[PDB]
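**Q** First the structure, which I've put down as structure tokens, then a few questions once you've had a look.
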Amino acid sequence: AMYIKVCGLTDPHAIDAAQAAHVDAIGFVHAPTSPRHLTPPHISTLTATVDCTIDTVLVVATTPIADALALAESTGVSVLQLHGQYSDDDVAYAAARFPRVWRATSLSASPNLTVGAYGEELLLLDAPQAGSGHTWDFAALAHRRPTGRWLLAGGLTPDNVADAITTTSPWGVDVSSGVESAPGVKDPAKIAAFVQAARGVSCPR
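Okay, here's the thing in structure tokens:
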């Protein structure tokens with residue numbers, strides 16, 4: 000299996016493309032510093048339109064952890080995803096209080112790469128430079144790949160994802176900017192292309 004999350008969706012037009020491509024998760028960003036930012040009322044309505052074949056994920060960065068928990072509850076999302084600003088203590092505080100918590104980090108932050116170290120269900124590892132060249136720099140992951148449930152991120156696009164999955168064999172992938180036509184505007188054609196490229200590694204057609 001290869002779990003696919005599209006992160007930072009902001010409209011039904013994008014949700015429809017994600018459902019048509021049978022993605023596994025959709026992220027809704029609540030982070031006022033991001034071009035993908037959504038207010039609580041908007042996250043609530045968007046979340047309610049997604050069917051039970053997709054995990055909905057509230058993605059936060061700067062929201063005090065108790066408020067983030069309250070927002071996860073009120074919006075009805077499946078998962079609370081915490082960006083790397085959050086302390087280890089905050090990750091575990093959340094994990095005790097909400098059923099599904101994801102810990103995001105990046106390789107440059109020298110993170111703890113053991114999944115579940117602080118109560119999280121899954122670790123999202125962002126390796127933004129690994130796609131800077133013509134081919135995917137699988138050396139940047141390699142011995143650092145978690146043994147547990149994790150998502151690879153790092154500027155994934157329809158153009159690099161087959162290479163990334165083939166060489167790095169992640170448990171799943173997370174994509175955002177690489178399927179946008181503009182910041183905060185997901186492009187249905189790119190979503191479809193991304194999923195085709197990613198799934199074609201194990202099930203080419």
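Here the sequence shown is numbered in the authors' numbering, starting from 0 and rising by one per residue.
For every residue, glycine included, the Cβ atom is placed at its ideal position computed from N, Cα and C.
1. Mind reading off the beta-carbon distance from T38 to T61? Whole number of angstroms is fine, and I expect it under 8 Å.
2. Tell me, which residues are paired with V174 by DSSP?
3. Counting C-beta neighbours from all protein chains within 10 Å, is the total for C202 16 or more, i.e. buried, or is it exposed?
4. Identify whether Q128 lies in helix, strand or coil by the three-state DSSP scheme.
5. Consider the Cβ of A47: report whether some Cβ of chain B lies at a distance smaller than 8 Å.
6. Would you list, in sequence order, the uninterrupted alpha helix (DSSP H) runs of no fewer than 4 residues that lie entirely inside the region 24-71?
7. Quick one: grab the DSSP three-state call for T104.
8. Within a Cβ cutoff of 8 Å, which residues of the same chain sit near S180, ignoring the five residues on either side of it in sequence?
9. Can you list, in chain order, the residues of its chain whose CB lies under 6 Å from that of residue 215, leaving out five sequence neighbours each side?
10. Quick one: residues in its chain with C-beta nearer than 6 Å to the C-beta of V58, no 5 flanking neighbours on either side, listed in chain order?
11. Please report the residue range of the alpha helix (DSSP H) in which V90 lies.
**A** By the coordinates alone:
1. 14 Å between Cβ atoms; not a contact.
2. In DSSP, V174 forms a bridge with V5.
3. exposed
4. coil
5. The displayed structure is made up of one protein chain only, and chain B is not part of it.
6. 39-47
7. strand
8. So the qualifying residues of the chain are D186, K189.
9. The chain is shown only over 0 to 204; residue 215 falls outside these bounds and no answer can be derived.
10. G26, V28, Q80
11. 87-96
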